[PDB]
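*Asks:* Please see the structure below; I have some questions.
In the working numbering, the protein residues as written are 39 to 1064.
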């Protein structure tokens, strides 16, 4: 994706700069297919010398944007585009990327010796980067009102208002204007909510202390802060303005609310005198913006200080919020499938309108008044209540998230309508965060004998000191806190650390034990190292702990027991986790991981949540494949699978040995060809090579893949990208820090143990359970059908309104003004709002929701309903001949004053019943929501509607003048009315109960259809070929 930067600097004398004022309004045209003359809009072709107007040809892009002057105050031009910053380059033409050729590399000599910049005209530094603040642009209320009024639907509504005012019917104009006003207010509220909810994330500026060269200390606002400037921690407590790199010493930082898991991770200063450092090593020795600081070691005299390196929208914090405003990537699904339906509706409306206008023109009716009546008839195509009512269902559904989970920020909620896959993480979702001590086995005194494994503090020796000082706990005037596994290890020995006054243990029988250096437990290396020294020791002793798989390789080959595989896999069958320890007396950074020697093994317990099995079993009944991603040891998921019954009938995996270039990887039977009928398990090391090697096997192997072992976090993004390329919609659950990498844009997922008002991802709930997945699934699926229901209701209402208006026009009689309102005010908006109040159904959907509209069955059902409605109930023209009445005074005035007309009264009375019965029947449905009576507001609304409607058919009382109703000659004439209305009532249910049946599919059970969709062909080939 690239494009040129051509433009015309001024090319304006004009003198024609004013002739275009009266020209046609062209902005709307340029938004779609700008080839119609976008260049004519003050965009002549010219060179790239000082271009005031910068535009991109979008040769390989489907969108374009324009940015303009001015630059502040050699002088280098700059502009702001989507939050990115660029600066002019003198040596070359055009602009260049920000950070002045740094790209993470710079002269470390002067940079390390940060003596403080001596005010070298800081204005230049400010121009390139700008103020060190983040402020998402916010538009004023009039700005948001005016810029949202260009929608063509609103223009059509305004034209309808103007026409209704012109035709001497201002009452309808008032109702249309009120509808437009409510639409405007609800749109303004929707636009506000997101902005005013995401605005709180913008941390306010605060006073900070910054040091100057020569020993001068001054307090300045955080705005003045610039990258590469001095920055001193505030009294070892507070908040950080932006990211920075520690100059020296050790510091403690947390990223609970910004990255995920709240467990503190130790931080150490970056190596000195090495060279340029890229972003890969930043995480090891980089800070984060808006993070609390616990304590820092004051190894050197002067207090701890840091230097900022990143600022503005290019910071790590800014990247996550960059997705806000401009969507990236664009919406997965585009609703371009209703073209056939809208074309059919338009052609039907045109046919009806031409028939009606011809009928009206007949009978020697004046031609002058035909045009206005035809316009009124055709205005029924798009009532003003459509946009307002269609856009409120999502907002009403969003109210559920406030009460019940998940706690999300809005439009992307519909991406889960047609999901067919789900993923889970075993790190903390399927097991409790805390670990239970089970036992430990030493490897001293006996060369290789197993001895007796049990957790006891009685034995003493190097193992005691290794376990005592192997952790990353943090303390603040209370008991130590940190990773649950570390505190579980340390509590076994019972030793405590309290106030060197911070690197010395307590209650040491043999000799006090101290520590020299401490490192975190980053999952990248899945291991940690520590140096342990005690007084009187000949030399310091180093200790390293980590996964048993890799410790053996780096250790002395002739130290491990011959049957170490049996020892390590004995506890695997029980579902427990095992770790290995090592030590070596290294005499006086990567050098400390040399020929180490293992010292022992430790086994922990990972209890499974009792509530995982039933929810998973219930979710397994929807015929959706489930996969797991984790970097644990070989197998160890058999117990979990048995608990949730995924591989209960059969299970198999793939060999791990793939070192040889031949990569001969035959299948394994766990507990011959490879039909892959059973469930296959992959491995991290194998997945890292099989993806690029033998690509033809990837499509037919990824489908059967269920679990992964010893896989690095870097493969998650690749895995999700591959699944997306395979046209697979899947979700995953995150519970740690190395889980949000794949949540950026590929594709969706869930999180666990997250704080409120999360902005990193549109998740999650507050409960620390995987029970939210059924909740989000069911709420989403019940939300999908709301759009279909409202579309059906709107279409049927439009069809009946059109048929009524065109049939009524058989003669000069015309309906008044308040008659239209009596329906448009309490039959359209009320029910539209009420239907949005539905809720999810307790029973999980057995089948996936309908694919999409339009479809043959729904068209057949709706056309059948329309023909039935337009059928027998039109007997008001024929059956009336059997009762006394007088013919209307046709032609008498051709005005709506014909109050005593008989046909108008009956049609108006039955129109409300038709509308309400259609609304009730269209919303009927057993799955995806509870029955209609579950909603109390809807019951009261329909009850009062029926109570007030039935009063009109009953002998009218006093105060009936404004309604223009007329008395009935015979009180018994209502027998036909009640009979026909009850017949329609029963028929609606009778037809709805049979049309929902599979008859549309029953008539084509001998289907020759063969739909692949890139999902069925693979499995068909797999089952056909062994």
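The beta carbon of each residue, even a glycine, is placed where N, CA and C say it ideally should be.
My output table needs one value for residue 940: the three-state DSSP class, helix, strand or coil.
*Replies:* For the purposes of this step, residue 940 is taken as the residue at position 902 of the chain shown. Here residue 940 sits in helix by DSSP.
*Asks:* In chain order, what residues of the same chain have a beta carbon less than 7 Å from the beta carbon of residue 458, not counting five sequence neighbours either side?
*Replies:* Here the question's residue 458 lines up with position 420 in the chain shown. Contacts found: 662 and 767.
*Asks:* Runs of 4 residues minimum, wholly inside the stretch 852-892: which ones carry the alpha helix (DSSP H) assignment?
*Replies:* Counting only runs of 4 or more, we get 856-861 and 867-873.
*Asks:* Quick check on DSSP: helix, strand or coil for residue 469?
*Replies:* To locate residue 469, count along the chain shown from 1; it is residue 431. Three-state result, residue 469: strand.
*Asks:* For residue 133, I'd like the list of residues in its chain whose CB is within less than 6 Å of its CB, leaving aside the five on either flank, ordered along the chain.
*Replies:* In the chain shown, counting from the first residue as 1, residue 133 sits at position 95. The answer, listed in chain order, is 124 and 126.
*Asks:* Applying the 10 Å Cβ sphere with the 16-neighbour rule, what's the burial state of residue 644?
*Replies:* Translated into the one-based positions of the chain shown, residue 644 becomes position 606. Its Cβ being crowded by 16 or more others within 10 Å, residue 644 is buried.
*Asks:* Taking just the CA atoms, how far does residue 532 sit from residue 882?
*Replies:* Taking the first residue of the chain shown as position 1, residue 882 is located at position 844. Taking the first residue of the chain shown as position 1, residue 532 is located at position 494. If you take the alpha carbons of residue 882 and residue 532, they lie about 50 Å apart.
*Asks:* Pair every Cβ in the stretch 345-357 with every Cβ in the stretch 274-284, then say whether three or more of these pairs are closer than 8 Å.
*Replies:* Taking 8 Å as the limit for Cβ pairs, the verdict is that the stretch 274-284 does touch the stretch 345-357.
*Asks:* Please name the residue in 951, 998, 957 and 962 whose C-alpha comes closest to that of residue 1015.
*Replies:* Within the chain shown, numbered from 1, the residue matching residue 1015 stands at position 977. Considering only alpha carbons, the answer is 951.
*Asks:* Can you check DSSP and say which residues form a bridge with residue 723?
*Replies:* Along the chain shown, one-based indexing puts residue 723 at 685. Answer is none; residue 723 lacks a bridge partner.
*Asks:* By how many angstroms is the C-alpha of residue 815 removed from the C-alpha of residue 452?
*Replies:* Working through the chain shown from its first residue, we reach residue 452 at position 414. Working through the chain shown from its first residue, we reach residue 815 at position 777. Their Cα atoms are separated by approximately 11 Å.
*Asks:* Tell me which same chain residues have a C-beta within less than 7 Å of the C-beta of residue 477, skipping the five on either side of it?
*Replies:* Reading the chain shown from its first residue, position 439 is the one you call residue 477. Closer than 7 Å at Cβ, skipping near neighbours: 491, 492, 493 and 641.
*Asks:* What residue does the beta strand (DSSP E) around residue 89 start on, and which one ends it?
*Replies:* Indexing the chain shown from 1 puts residue 89 at position 51. Segment: none, residue 89 is in no beta strand (DSSP E) and carries neither H nor E.
*Asks:* Thinking residue 569 and residue 553 are a contact (beta carbons under 8 Å), I'd like their distance in whole angstroms, please.
*Replies:* Taking the chain shown and counting its residues from 1, the one referred to as residue 569 is at position 531. Taking the chain shown and counting its residues from 1, the one referred to as residue 553 is at position 515. Their Cβ separation, rounded to whole angstroms, is 7 Å, which keeps residue 569 and residue 553 in contact under 8 Å.
*Asks:* For residue 164, name the three-state secondary structure that DSSP assigns.
*Replies:* Your numbering for residue 164 matches position 126 in the chain shown. Helix at residue 164.
*Asks:* May I have the straight-line CA-CA distance separating residue 935 from residue 854, to the nearest angstrom?
*Replies:* Here residue 935 refers to the residue found at position 897 when the chain shown is read from its first residue. Here residue 854 refers to the residue found at position 816 when the chain shown is read from its first residue. Cα to Cα, the separation comes out at about 8 Å.
*Asks:* Suppose the cutoff is 7 Å on Cβ atoms and the five residues either side in sequence are ignored; what does the same chain contact list for residue 942 look like?
*Replies:* Reading the chain shown from its first residue, position 904 is the one you call residue 942. Excluding sequence neighbours, residue 942 sits near 851 and 853.
*Asks:* Just to confirm my understanding: we take residue 549, look at its own chain, exclude 5 residues before and 5 after, and list those with CB closer than 8 Å. What are they?
*Replies:* The residue labelled residue 549 in the question sits at position 511 within the chain shown. Correct list, in chain order: 572, 573 and 574.
*Asks:* On the three-state DSSP scale, how would you describe residue 567?
*Replies:* As a position in the chain shown, residue 567 is number 529, starting the count at 1. Looking at residue 567 - three-state DSSP - the assignment turns out to be strand.
*Asks:* I'd like to confirm the pairing. Which residues does DSSP put opposite residue 482 in its beta bridges?
*Replies:* On the chain shown, residue 482 is found 444 positions in, with the first residue counted as 1. In DSSP, residue 482 forms no bridge with anything.
*Asks:* Suppose contacts are defined by Cβ-Cβ distances below 9 Å. Is residue 794 in contact with residue 445 by that definition?
*Replies:* As a working mapping, residue 794 is identified with position 756 in the chain shown. As a working mapping, residue 445 is identified with position 407 in the chain shown. It is a contact, given that the beta carbons lie within the stated cut-off.
*Asks:* Taking the Cβ atom as the reference point for each residue, do residue 671 and residue 748 lie within a distance shorter than 9 Å?
*Replies:* Residue 671 sits at position 633 when you count from the first residue of the chain shown. Residue 748 sits at position 710 when you count from the first residue of the chain shown. Yes, they are a contact pair.
*Asks:* Should residue 202 be labelled buried (16 or more other beta-carbon atoms within 10 Å of its own) or exposed?
*Replies:* Within the chain shown, residue 202 is the residue found at index 164, counting from 1. Buried.
*Asks:* At the level of alpha carbons, what is the spacing between residue 1063 and residue 470?
*Replies:* For this step, residue 1063 is matched to residue 1025 along the chain shown. For this step, residue 470 is matched to residue 432 along the chain shown. In a straight line, the C-alpha of residue 1063 is about 43 Å away from that of residue 470.
*Asks:* Under DSSP, the alpha helix (DSSP H) around residue 217 begins and ends at which residues?
*Replies:* To locate residue 217, count along the chain shown from 1; it is residue 179. Start and end: 208-236.
*Asks:* Taking the alpha carbon of residue 199 as the point to measure from, which residue in 218, 185, 188 and 181 has its own alpha carbon closest?
*Replies:* On the chain shown, residue 199 is found 161 positions in, with the first residue counted as 1. When only C-alpha atoms are compared, the closest one is 218.
*Asks:* Going by CA-CA distance only, name the one from 809, 690 and 412 that's closest to residue 389.
*Replies:* As a position in the chain shown, residue 389 is number 351, starting the count at 1. Here the closest residue by C-alpha is 412.
*Asks:* By the DSSP assignment, the alpha helix (DSSP H) with residue 414 in it spans what residues?
*Replies:* Counted from its first residue, the chain shown places residue 414 at position 376. That run of the alpha helix (DSSP H) goes 408-416.
*Asks:* Using a Cβ distance threshold of 8 Å, determine whether the stretch 814-833 contacts the stretch 868-887, with at least three qualifying pairs required.
*Replies:* Touching, yes.
*Asks:* State buried or exposed for residue 415, treating a residue as buried only when at least 16 other CB atoms are found within 10 Å of its CB.
*Replies:* Numbered from its first residue, the chain shown carries residue 415 at position 377. When all chains shown are included, residue 415 counts as buried.
*Asks:* So what does residue 622 bridge to, in DSSP terms?
*Replies:* By 1-based counting over the chain shown, the position of residue 622 is 584. Its beta-bridge partners are 580.
*Asks:* Where residue 1040 and residue 1033 are concerned, what is the direct C-alpha to C-alpha distance, given to the nearest angstrom?
*Replies:* The count along the chain shown starts at 1 and reaches residue 1040 at position 1002. The count along the chain shown starts at 1 and reaches residue 1033 at position 995. In a straight line, the C-alpha of residue 1040 is about 11 Å away from that of residue 1033.
*Asks:* Measuring only the C-alpha atoms, how far is residue 301 from residue 440?
*Replies:* Here residue 301 refers to the residue found at position 263 of the chain shown. Here residue 440 refers to the residue found at position 402 of the chain shown. Going by the C-alpha atoms only, they are around 28 Å apart.
*Asks:* Give me, in chain order, the residues of the same chain whose beta-carbon lies closer than 8 Å to that of residue 364; leave out the 5 immediate sequence neighbours on both sides.
*Replies:* Taking the first residue of the chain shown as 1, we reach residue 364 at position 326. Excluding residues within five positions, the ones whose Cβ falls inside 8 Å are 120.
*Asks:* Do you know whose CA, among 971, 703 and 379, lies nearest residue 898's CA?
*Replies:* Taking the first residue of the chain shown as position 1, residue 898 is located at position 860. Answer by Cα proximity: 379.
*Asks:* Out of curiosity, what's the CA-to-CA distance linking residue 585 and residue 702?
*Replies:* By one-based count along the chain shown, residue 585 stands at place 547. By one-based count along the chain shown, residue 702 stands at place 664. In a straight line, the C-alpha of residue 585 is about 26 Å away from that of residue 702.
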